[PDB]
């Protein structure tokens, strides 16, 4: 029919000088952390900066003796919103290298909770666990950006599972529905396994007593994880893909998604075997 007005002109700001920056709230000063442990303080100092990820490597069988010391910051920091905001900034702008590093860190950390019989619950504050939902969303976003030969050229692609889990998370952050969907099938694709690993902690933290069965499935996934699995799975899958994919352009699209290197701002450690 007739052409309609596009938009209310009052939406536009008053003319002025070019805007070259976006404003961000000024950050209140941080309090001193509540520990005198110089190893823990050193680890926090290094988490604040984008250190080369090889420097942040931590052998996972040494993590149990570091867990309770590091809790003095990870659980008990008086700077909770500062730390979570720093980690969310890195995750929200993360390439797949960065996503993978953060996922291995968060799963190894969650296994320490399991080893010490700590419960998972969104009430108690934990700067690592409380960014696991943002990390799941970022992983789904990276998977959706990959050329779809990455999922189709697996031995058992299970592409309908990849698509539906990604849909559930990307459309409406339907985390528990993604767990319900994943538990109806044996996992046979490494991409599906990455999704299962990424969903297990964000789901466990929001389960209530009525979702005890889903919680038990998340605990099964967490127990089967082994330190370094996320990086190991991606390293293998990406190498195999370069050795078999006939597309002229897939490698250029993939390199952009994977990125040149990880950003470790807010990352305390990269756990490895």
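Positions refer to the first chain, counted from 1.
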Exercise for the section: Look up the CA B-factors in the entry and say which stretch, 48-56 or 243-251, has the higher mean. Expected result: 243-251
Problem - 69-77 versus 118-126 - which carries the larger mean C-alpha B factor in the record - result: 118-126
Exercise for the section: Could you check 106, 112, 155, 93 and tell me which one carries the biggest Cα B-factor in the deposited entry? Expected result: 155
Handout entry: Residue with highest C-alpha B-factor in the PDB entry, from 184, 189, 138, 131
Key = 184
Practice task
Just say lowest, middle or highest third for the CA B-factor of residue 209 relative to the other modelled residues in its chain.
Solution key: highest
Handout entry: Relative C-alpha B-factor of residue 167, binned into the chain's lowest, middle or highest third
Key = middle
Exercise for the section: Name the third of the chain's ranked CA B-factors that contains residue 37, choosing lowest, middle or highest. Expected result: middle
Fill in the blank from the handout: Quick tally, chain-level thirds of C-alpha B-factors: residue 200 sits in the middle
Handout entry: Position of residue 160 among the chain's modelled residues by C-alpha B-factor, lowest, middle or highest third
Key = highest
